[PDB]
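Listing of data_5.txt, compact mmCIF, C-alpha atoms
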```
# COMPACT_ATOMS: atom_id res chain seq x y z
CA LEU A 3 9.82 64.57 -6.49
CA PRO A 4 10.12 60.89 -7.47
CA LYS A 5 12.69 58.83 -5.55
CA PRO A 6 15.34 57.24 -7.78
CA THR A 7 15.53 53.58 -8.79
CA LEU A 8 18.70 51.67 -7.93
CA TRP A 9 19.53 48.09 -8.90
CA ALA A 10 22.74 46.24 -9.73
CA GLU A 11 23.51 45.85 -13.43
CA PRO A 12 24.76 42.23 -13.26
CA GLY A 13 23.17 41.12 -9.99
CA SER A 14 22.93 41.56 -6.20
CA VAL A 15 24.47 38.46 -4.61
CA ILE A 16 27.96 38.37 -6.08
CA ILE A 17 31.17 36.39 -5.56
CA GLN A 18 34.18 38.35 -4.28
CA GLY A 19 36.42 39.54 -7.10
CA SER A 20 33.68 40.09 -9.68
CA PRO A 21 32.75 43.15 -11.79
CA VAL A 22 29.67 45.06 -10.65
CA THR A 23 27.89 48.34 -11.33
CA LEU A 24 25.21 50.25 -9.39
CA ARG A 25 22.95 51.97 -11.90
CA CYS A 26 20.57 54.69 -10.69
CA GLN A 27 17.49 55.72 -12.67
CA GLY A 28 15.62 58.87 -11.55
CA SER A 29 14.46 62.09 -13.23
CA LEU A 30 16.29 62.70 -16.53
CA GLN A 31 16.90 66.30 -15.36
CA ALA A 32 19.39 64.90 -12.81
CA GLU A 33 22.68 66.65 -12.01
CA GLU A 34 23.92 64.92 -8.84
CA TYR A 35 23.41 61.88 -6.64
CA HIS A 36 24.04 60.12 -3.31
CA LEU A 37 25.34 56.64 -2.48
CA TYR A 38 26.62 54.17 0.15
CA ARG A 39 25.51 54.63 3.75
CA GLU A 40 26.81 53.07 6.96
CA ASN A 41 28.33 56.13 8.67
CA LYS A 42 27.34 59.45 7.13
CA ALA A 44 30.68 60.01 2.97
CA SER A 45 29.42 59.54 -0.59
CA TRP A 46 30.29 58.66 -4.18
CA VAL A 47 28.93 61.43 -6.37
CA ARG A 48 28.98 61.45 -10.19
CA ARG A 49 28.09 64.91 -11.53
CA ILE A 50 26.89 63.91 -14.98
CA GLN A 51 26.89 66.68 -17.58
CA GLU A 52 23.68 67.00 -19.61
CA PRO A 53 23.24 63.75 -21.57
CA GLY A 54 20.49 61.12 -21.68
CA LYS A 55 22.54 58.30 -20.05
CA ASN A 56 21.94 57.57 -16.36
CA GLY A 57 24.57 57.56 -13.61
CA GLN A 58 26.32 54.20 -13.24
CA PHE A 59 28.68 53.26 -10.41
CA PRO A 60 31.00 50.42 -11.51
CA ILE A 61 33.53 48.50 -9.47
CA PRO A 62 35.82 45.82 -10.93
CA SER A 63 36.96 44.04 -7.78
CA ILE A 64 34.60 44.17 -4.79
CA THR A 65 35.23 43.36 -1.14
CA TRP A 66 33.31 42.30 1.95
CA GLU A 67 33.16 45.88 3.18
CA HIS A 68 31.28 46.78 0.00
CA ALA A 69 28.43 44.70 1.42
CA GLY A 70 25.61 46.72 3.01
CA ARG A 71 22.78 49.09 2.12
CA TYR A 72 22.86 51.24 -1.02
CA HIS A 73 20.78 54.30 -1.92
CA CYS A 74 21.11 56.99 -4.58
CA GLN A 75 19.56 60.46 -4.83
CA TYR A 76 19.62 62.56 -8.01
CA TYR A 77 20.10 66.31 -7.44
CA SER A 78 18.90 69.08 -9.77
CA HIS A 79 20.16 72.57 -10.51
CA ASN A 80 17.78 73.75 -7.80
CA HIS A 81 15.65 70.77 -6.80
CA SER A 82 16.78 68.13 -4.31
CA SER A 83 15.02 64.75 -4.59
CA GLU A 84 14.09 62.30 -1.85
CA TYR A 85 16.23 59.19 -1.34
CA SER A 86 15.41 55.90 -3.05
CA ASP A 87 15.12 52.19 -2.27
CA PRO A 88 18.00 50.78 -0.18
CA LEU A 89 20.00 48.23 -2.20
CA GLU A 90 21.17 44.97 -0.63
CA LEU A 91 24.60 44.20 -2.04
CA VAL A 92 25.89 40.81 -0.95
CA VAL A 93 29.36 39.31 -1.33
CA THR A 94 29.73 35.55 -1.01
CA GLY A 95 32.47 33.02 -0.35
CA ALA A 96 33.56 34.18 3.11
CA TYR A 97 32.83 31.31 5.49
CA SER A 98 32.70 27.52 5.40
CA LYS A 99 30.41 26.23 2.65
CA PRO A 100 27.21 24.73 4.04
CA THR A 101 25.49 21.47 3.11
CA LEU A 102 22.09 21.07 1.46
CA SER A 103 20.58 17.63 2.05
CA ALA A 104 17.28 16.44 0.58
CA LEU A 105 14.91 14.88 3.10
CA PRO A 106 14.17 12.24 2.73
CA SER A 107 15.02 11.35 -0.86
CA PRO A 108 16.27 13.53 -3.71
CA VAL A 109 13.72 11.52 -5.65
CA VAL A 110 10.37 13.26 -5.12
CA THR A 111 6.86 12.30 -6.17
CA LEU A 112 4.69 14.44 -8.44
CA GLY A 113 3.57 17.30 -6.19
CA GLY A 114 5.00 15.90 -2.98
CA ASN A 115 6.60 17.39 0.10
CA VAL A 116 10.37 17.38 0.74
CA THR A 117 12.61 18.71 3.51
CA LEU A 118 15.84 20.33 2.36
CA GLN A 119 18.34 20.43 5.20
CA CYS A 120 20.99 23.16 5.14
CA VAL A 121 23.83 22.29 7.54
CA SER A 122 27.34 23.48 8.36
CA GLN A 123 30.25 22.72 10.68
CA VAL A 124 29.76 26.02 12.51
CA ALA A 125 26.95 27.58 14.52
CA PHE A 126 24.89 29.89 12.31
CA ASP A 127 21.58 31.74 12.58
CA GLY A 128 21.51 32.93 8.96
CA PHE A 129 21.08 30.79 5.83
CA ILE A 130 20.15 31.14 2.17
CA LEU A 131 18.11 29.02 -0.20
CA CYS A 132 18.29 29.50 -3.99
CA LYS A 133 16.87 28.21 -7.27
CA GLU A 134 18.09 27.82 -10.86
CA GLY A 135 15.80 28.58 -13.80
CA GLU A 136 16.09 28.75 -17.59
CA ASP A 137 17.84 31.54 -19.45
CA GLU A 138 18.19 33.73 -16.39
CA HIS A 139 20.70 33.28 -13.57
CA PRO A 140 20.70 32.10 -9.92
CA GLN A 141 17.94 33.35 -7.63
CA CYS A 142 17.86 33.14 -3.83
CA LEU A 143 15.63 33.81 -0.83
CA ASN A 144 16.25 34.96 2.73
CA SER A 145 13.90 34.99 5.72
CA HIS A 146 13.97 37.45 8.61
CA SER A 147 11.67 38.30 11.47
CA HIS A 148 10.03 41.33 13.05
CA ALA A 149 10.05 40.04 16.60
CA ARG A 150 10.82 43.42 18.17
CA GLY A 151 7.58 45.20 19.07
CA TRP A 152 5.29 42.63 17.46
CA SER A 153 6.04 39.28 15.81
CA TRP A 154 5.67 38.26 12.17
CA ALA A 155 8.27 36.89 9.72
CA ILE A 156 9.35 38.11 6.30
CA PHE A 157 10.49 36.55 3.02
CA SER A 158 13.30 38.36 1.19
CA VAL A 159 13.46 37.40 -2.49
CA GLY A 160 15.86 38.58 -5.19
CA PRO A 161 15.88 38.47 -9.00
CA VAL A 162 12.52 36.88 -9.79
CA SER A 163 11.79 34.99 -13.01
CA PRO A 164 8.20 34.04 -13.88
CA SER A 165 6.83 31.92 -16.73
CA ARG A 166 3.14 31.22 -16.08
CA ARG A 167 1.39 32.30 -12.88
CA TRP A 168 3.16 34.51 -10.32
CA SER A 169 1.06 34.99 -7.16
CA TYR A 170 1.93 34.77 -3.45
CA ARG A 171 -0.15 33.83 -0.40
CA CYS A 172 0.99 33.53 3.23
CA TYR A 173 -0.12 31.60 6.28
CA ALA A 174 0.25 31.94 10.05
CA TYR A 175 0.52 29.56 13.01
CA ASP A 176 2.12 28.90 16.39
CA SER A 177 4.65 26.26 17.41
CA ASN A 178 1.96 24.64 19.59
CA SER A 179 0.68 23.12 16.34
CA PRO A 180 2.72 23.37 13.15
CA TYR A 181 0.07 21.59 11.06
CA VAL A 182 -3.06 23.54 12.04
CA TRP A 183 -2.85 27.00 10.47
CA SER A 184 -4.85 30.18 9.82
CA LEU A 185 -6.59 31.43 6.67
CA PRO A 186 -4.57 32.45 3.61
CA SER A 187 -3.82 36.14 3.00
CA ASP A 188 -5.28 38.42 0.33
CA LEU A 189 -3.83 37.34 -3.03
CA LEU A 190 -0.75 39.46 -3.69
CA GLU A 191 0.03 39.88 -7.37
CA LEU A 192 3.60 40.86 -8.34
CA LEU A 193 4.04 43.35 -11.18
CA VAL A 194 6.78 43.10 -13.79
CA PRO A 195 7.64 45.24 -16.82
CA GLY A 196 9.09 44.15 -20.16
CA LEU B 3 9.38 -5.97 3.00
CA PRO B 4 10.19 -2.80 0.92
CA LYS B 5 9.30 0.53 2.46
CA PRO B 6 5.96 2.10 1.56
CA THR B 7 5.32 5.77 0.76
CA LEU B 8 2.07 7.65 1.38
CA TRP B 9 0.80 10.79 -0.33
CA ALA B 10 -2.37 12.89 -0.64
CA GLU B 11 -4.30 12.93 -3.91
CA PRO B 12 -6.14 16.27 -3.79
CA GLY B 13 -3.08 17.61 -1.96
CA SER B 14 -1.52 17.58 1.52
CA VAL B 15 -2.71 21.04 2.53
CA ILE B 16 -6.45 21.64 2.37
CA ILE B 17 -9.14 23.92 3.73
CA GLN B 18 -12.10 23.12 5.97
CA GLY B 19 -15.11 21.86 4.02
CA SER B 20 -12.79 20.30 1.43
CA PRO B 21 -12.23 16.60 0.73
CA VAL B 22 -8.90 14.99 1.74
CA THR B 23 -7.68 11.76 0.17
CA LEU B 24 -4.38 10.16 1.19
CA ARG B 25 -2.79 7.19 -0.58
CA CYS B 26 0.08 4.84 0.35
CA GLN B 27 1.43 2.55 -2.38
CA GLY B 28 3.64 -0.51 -1.94
CA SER B 29 4.05 -4.00 -3.40
CA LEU B 30 1.41 -5.90 -5.38
CA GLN B 31 1.69 -8.73 -2.82
CA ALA B 32 0.37 -6.78 0.19
CA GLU B 33 -2.86 -7.46 2.10
CA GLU B 34 -3.23 -4.75 4.75
CA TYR B 35 -2.20 -1.23 5.81
CA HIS B 36 -1.39 1.05 8.77
CA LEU B 37 -1.67 4.77 9.60
CA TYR B 38 -0.01 7.50 11.64
CA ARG B 39 0.34 7.93 15.41
CA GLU B 40 2.18 10.42 17.64
CA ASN B 41 2.95 11.10 21.30
CA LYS B 42 -0.78 11.19 22.01
CA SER B 43 -2.35 10.20 18.66
CA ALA B 44 -4.60 7.35 17.44
CA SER B 45 -3.89 4.54 14.98
CA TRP B 46 -6.00 3.40 12.02
CA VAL B 47 -6.29 0.55 9.51
CA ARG B 48 -7.88 -0.99 6.39
CA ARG B 49 -7.80 -4.48 4.89
CA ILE B 50 -6.83 -5.60 1.37
CA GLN B 51 -7.62 -8.81 -0.51
CA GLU B 52 -4.38 -10.32 -1.82
CA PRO B 53 -3.19 -8.51 -5.00
CA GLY B 54 -2.22 -4.86 -4.96
CA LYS B 55 -4.70 -2.16 -5.99
CA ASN B 56 -3.99 1.33 -4.59
CA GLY B 57 -4.55 1.44 -0.83
CA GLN B 58 -6.55 4.53 0.10
CA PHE B 59 -7.46 6.36 3.31
CA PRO B 60 -10.37 8.81 3.07
CA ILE B 61 -11.55 11.78 5.16
CA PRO B 62 -14.31 13.56 3.22
CA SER B 63 -15.13 16.19 5.85
CA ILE B 64 -11.62 17.20 6.93
CA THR B 65 -11.07 18.42 10.50
CA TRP B 66 -8.35 20.16 12.52
CA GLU B 67 -7.86 17.25 14.90
CA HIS B 68 -7.00 15.08 11.91
CA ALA B 69 -4.16 17.54 11.34
CA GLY B 70 -1.02 15.53 12.19
CA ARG B 71 2.09 13.82 10.76
CA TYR B 72 1.35 10.44 9.19
CA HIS B 73 2.91 7.00 8.67
CA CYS B 74 2.32 3.94 6.44
CA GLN B 75 3.55 0.36 6.99
CA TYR B 76 1.96 -2.60 5.19
CA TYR B 77 1.73 -6.36 5.77
CA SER B 78 2.75 -9.26 3.53
CA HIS B 79 2.96 -12.82 4.76
CA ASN B 80 4.69 -13.17 8.15
CA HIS B 81 6.74 -9.98 8.49
CA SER B 82 5.93 -6.25 8.32
CA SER B 83 7.62 -3.67 6.05
CA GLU B 84 9.09 -0.49 7.52
CA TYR B 85 6.89 2.45 8.48
CA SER B 86 7.16 4.95 5.64
CA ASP B 87 8.62 8.44 6.14
CA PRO B 88 6.24 10.68 8.10
CA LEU B 89 4.00 13.03 6.12
CA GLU B 90 2.44 16.03 7.88
CA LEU B 91 -1.29 16.52 7.24
CA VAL B 92 -2.13 20.23 7.27
CA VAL B 93 -5.54 21.76 8.00
CA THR B 94 -5.94 25.50 7.42
CA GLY B 95 -8.36 28.37 8.07
CA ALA B 96 -8.60 28.12 11.85
CA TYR B 97 -7.96 31.61 13.17
CA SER B 98 -7.05 35.23 12.36
CA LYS B 99 -5.86 35.83 8.81
CA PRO B 100 -2.66 37.75 8.03
CA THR B 101 -1.90 40.30 5.33
CA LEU B 102 0.83 40.05 2.67
CA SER B 103 2.50 43.37 1.83
CA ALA B 104 5.33 43.34 -0.69
CA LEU B 105 7.41 46.20 0.68
CA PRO B 106 7.71 48.71 -0.44
CA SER B 107 5.76 47.60 -3.51
CA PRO B 108 4.86 44.50 -5.53
CA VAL B 109 5.95 46.07 -8.84
CA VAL B 110 9.47 44.87 -9.62
CA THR B 111 11.83 44.36 -12.55
CA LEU B 112 13.05 40.99 -13.80
CA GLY B 113 16.16 41.20 -11.62
CA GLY B 114 14.72 43.58 -9.04
CA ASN B 115 14.85 42.93 -5.30
CA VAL B 116 11.79 42.50 -3.06
CA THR B 117 10.63 41.50 0.44
CA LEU B 118 7.16 39.97 0.77
CA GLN B 119 5.96 40.61 4.32
CA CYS B 120 3.35 38.57 6.22
CA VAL B 121 2.40 40.36 9.45
CA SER B 122 -0.12 38.85 11.85
CA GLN B 123 -2.28 40.56 14.45
CA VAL B 124 -1.79 37.75 16.97
CA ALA B 125 1.71 36.90 18.18
CA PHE B 126 2.50 33.82 16.10
CA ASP B 127 5.86 32.18 15.43
CA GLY B 128 5.15 29.99 12.41
CA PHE B 129 4.81 31.74 9.04
CA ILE B 130 4.76 30.00 5.66
CA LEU B 131 5.13 31.61 2.23
CA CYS B 132 2.99 30.27 -0.62
CA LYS B 133 3.29 31.08 -4.32
CA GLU B 134 0.42 29.70 -6.39
CA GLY B 135 0.67 27.42 -9.43
CA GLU B 136 -0.83 28.04 -12.87
CA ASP B 137 -2.83 24.82 -12.97
CA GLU B 138 -0.98 23.30 -10.05
CA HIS B 139 -2.25 24.13 -6.56
CA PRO B 140 0.06 26.50 -4.62
CA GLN B 141 3.47 25.16 -3.57
CA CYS B 142 4.24 26.12 0.03
CA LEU B 143 7.59 26.74 1.75
CA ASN B 144 8.00 27.03 5.51
CA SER B 145 11.16 28.29 7.20
CA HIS B 146 11.90 26.87 10.64
CA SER B 147 15.29 26.54 12.31
CA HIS B 148 17.04 24.82 15.21
CA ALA B 149 18.69 25.82 18.47
CA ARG B 150 20.69 22.96 20.04
CA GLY B 151 24.09 21.81 18.86
CA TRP B 152 25.18 24.57 16.48
CA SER B 153 22.08 26.06 14.84
CA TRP B 154 21.29 25.19 11.23
CA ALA B 155 18.32 25.90 8.95
CA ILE B 156 15.77 23.64 7.27
CA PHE B 157 13.39 24.51 4.46
CA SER B 158 10.26 22.41 4.82
CA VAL B 159 8.30 22.77 1.58
CA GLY B 160 4.94 21.30 0.56
CA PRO B 161 3.95 20.05 -2.88
CA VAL B 162 6.93 20.10 -5.26
CA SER B 163 6.24 21.66 -8.66
CA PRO B 164 9.23 21.22 -10.99
CA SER B 165 9.44 23.61 -13.93
CA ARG B 166 12.81 24.41 -15.50
CA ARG B 167 16.45 23.41 -15.11
CA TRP B 168 16.61 22.03 -11.58
CA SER B 169 19.31 22.89 -9.04
CA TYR B 170 19.60 24.27 -5.50
CA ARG B 171 22.41 26.02 -3.57
CA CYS B 172 22.97 26.89 0.10
CA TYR B 173 24.55 29.75 2.06
CA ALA B 174 25.32 30.90 5.60
CA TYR B 175 26.07 34.27 7.23
CA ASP B 176 26.50 35.88 10.68
CA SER B 177 24.15 38.12 12.69
CA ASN B 178 26.66 40.99 12.88
CA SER B 179 27.49 40.74 9.17
CA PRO B 180 24.42 39.89 7.08
CA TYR B 181 25.58 41.08 3.64
CA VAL B 182 28.43 38.57 3.59
CA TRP B 183 27.65 34.94 2.73
CA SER B 184 29.87 31.85 2.72
CA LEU B 185 31.14 30.03 -0.36
CA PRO B 186 28.68 28.06 -2.48
CA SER B 187 27.95 24.43 -1.61
CA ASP B 188 27.28 21.40 -3.82
CA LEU B 189 24.29 21.40 -6.21
CA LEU B 190 21.01 19.61 -5.51
CA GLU B 191 18.43 18.52 -8.05
CA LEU B 192 14.96 17.12 -7.38
CA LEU B 193 13.97 14.02 -9.37
CA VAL B 194 10.47 13.79 -10.82
CA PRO B 195 9.34 11.24 -13.42
CA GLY B 196 6.89 11.75 -16.28
```

Go through the file and emit its structure as structure tokens.
Amino acid sequence: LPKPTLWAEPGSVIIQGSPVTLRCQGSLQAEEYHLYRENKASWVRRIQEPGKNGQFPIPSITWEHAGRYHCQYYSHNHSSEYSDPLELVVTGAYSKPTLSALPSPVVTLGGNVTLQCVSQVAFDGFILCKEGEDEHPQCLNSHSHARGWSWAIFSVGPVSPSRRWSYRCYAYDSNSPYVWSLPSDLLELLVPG
Amino acid sequence: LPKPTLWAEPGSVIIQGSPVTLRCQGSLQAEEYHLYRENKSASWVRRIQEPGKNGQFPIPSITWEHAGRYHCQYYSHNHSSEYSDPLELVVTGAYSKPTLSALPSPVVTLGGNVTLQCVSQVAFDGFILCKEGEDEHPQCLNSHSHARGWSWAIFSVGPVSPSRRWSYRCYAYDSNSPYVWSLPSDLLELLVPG
């Protein structure tokens, strides 16, 4: 039976000391749940019999709150399968990095530009974001699947389209960073209203 | 004397069988031009009358070998301006194609998370992500990083396509603790005329 849906009411990448709630949507005939996982134990909200999901608010958050998050609505008899693991992130812990436009902040119409993200400390993890219109801050992380077999990944958060929203990826080797393979099969993202 | 700046007209990243046309502007005084060259590359040239027109370098049938970072430095009277900031020429479609699989699914809410995956059959190390434009050709973002000193990350993106309120922000975390990012940094906006 359908795995629940779990997102964060205000957002996912939050600043320490900010209100946040973890809303779980599943089958309306839901009586229990399942949350946070890093070592077995759980935050369960046994909702009566209404038509209002099972939220999980927290006024002040901490760094420990940061990790994976998955719910699991339980029925009078039926037990459902887990859902999508949520990536809650708390910011403002270490030394703020620097983002430098290469070469010039001024950029031509449809040009290329190298944005340098630096810091005073050694780091092998960085984030790039973007600011749109009505909506709020949106960032992207990149990780790799080196173990077993190699290929990178592109972790994106709260998306906000306007016109065309399609993604295509490439592949190459460091021997030649300018000569690349053929684009991938057009992947079209789906969004409700 | 001012520094020139070169750019492609049909775009900087193109496929085989497609026309490539680079352009390097400057001052209306100029007379000549200059092209790229690397650790084992070859240099080029073209001559100009006296007044400034456009300065163009064509390669109708594009080819992999032509794939390299470029440079432009013009000539005036007695001196020579400075060689413009390099601009990497990219030729695509050489080998085995990868697949893009938005795990665990492409369907996602406005404010839903998602992880577009690009896995390749052959052990590569350079992967670029490329969202397409409505009338604008796809804007491409590569993610490479350093090693020496104290490692830092650089986001090398292709054609810039400005849309709404512009602003960027940066962040840094540790390997052991990935769900904990540093404080925000300054804001950065890209400048594009009309």

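From CA of residue 154 (chain A) back to CA of residue 121 (chain B), the distance works out to 4.7 Å.
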
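With only C-alpha atoms as the atoms that count, the minimum distance from residue 72 (chain B) to the choices B:25, B:167, B:49, B:133 is reached by B:25.
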
>> When you count only C-alpha atoms, which of these residues is closest to residue 76 (chain A): A:31, A:41, A:98, A:184?
In response: A:31

>> I want to know what sits within 8 Å of residue 120 (chain B), based on all atoms listed in the file, with residues of the same chain fewer than 3 positions away left out; could you give that as a PyMOL selection string?
In response: (chain A and resi 154-156+172-173) or (chain B and resi 100-103+129)

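Restricting the calculation to only C-alpha atoms, the smallest distance between residue 173 (chain B) and any of A:22, A:130, A:105, A:44 is found for A:130.
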